[PDB]
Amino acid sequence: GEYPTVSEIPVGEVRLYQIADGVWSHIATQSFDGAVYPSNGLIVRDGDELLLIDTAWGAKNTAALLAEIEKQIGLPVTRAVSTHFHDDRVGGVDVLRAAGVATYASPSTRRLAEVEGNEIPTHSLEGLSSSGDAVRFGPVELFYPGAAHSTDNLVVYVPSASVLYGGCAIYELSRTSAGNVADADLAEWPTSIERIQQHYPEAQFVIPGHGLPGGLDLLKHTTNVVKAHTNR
């Protein structure tokens, strides 16, 4: 159908969107700093259970995500992966943990989360410490492209559906300016996106951390925006 926007989503609520067989995005909204912005995560079917990529941003949003999963899919979320250490991706980890979800992130993510005073996913993902590293995690591949929006950002690929979840390292087409880039490596960002490009040239669906999915041109768009900001 039509991809959900802040319009179709009351703040505190979560919509699911089916991208492919056994793949969904989860879309939530958050009011920051006067404005309302949407946020995407992923859900991937793993036999008779569910792998969750990223929290719905907050303990209350995350509890609403689980309820909305329990309602629309009715399969249990057994594992969750946070793609970076910011609160929009780990906020709700405690809720997940209380519901019996095993929470995972790279050591680099866990370290920064700890330093940040954020919630810390329980389990460590080994083998992602070097730019270009990939590891399998059930029905997805996890990929560390190098520093971009943050030094720890991961991307997620669903081989079975050619879905690339970029997380916050990839911007939607609508987004004309770099956001908060305080934690970013602007100097390495484009090289990291090129790694993503070179590793997943067959991706059919590209999901940005925020906003509307597209194809692989989201990667060039983000390059273009990051480079204009570098040049500001």
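The term rigid core refers to the maximal set of C-alpha atoms that superpose within 1.5 Å between the two forms. When you see a residue number, it is the position in the sequence shown, counting from 1.
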- Message: Between 192-200 and 29-37, which one shows the bigger average Cα displacement from this form in 9 other deposited structures of this protein once the rigid core is aligned?
- Response: 29-37
- Item | Segment of higher mean CA temperature factor, 47-55 or 28-36 | 28-36
- Task: Look up the CA B-factors in the entry and say which stretch, 6-14 or 215-223, has the higher mean.
- Result: 6-14
- Query: From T122, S150, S108, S160, pick the one with the largest CA B-factor in the entry?
  - Reply: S160
- Item | Highest-ranked of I69, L173, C168, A187 once sorted by CA temperature factor in the record | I69
- Query: Taking the C-alpha B-factors as the PDB entry records them, is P145 in the lowest, middle or highest third of its chain?
  - Reply: lowest
- Going by what the PDB entry lists, where does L75 fall on CA B-factor within its chain: lowest, middle or highest third? highest
- Task: Sort the modelled residues of this chain by their C-alpha B factor and say whether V115 lands in the lowest, middle or highest third.
- Result: highest
- Determine, from the deposited record, the chain-internal third of the Cα B-factor for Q198: lowest, middle or highest. middle
- Query: Considering only modelled residues of the same chain, in which third does the CA B-factor of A134 rank: lowest, middle or highest?
  - Reply: middle
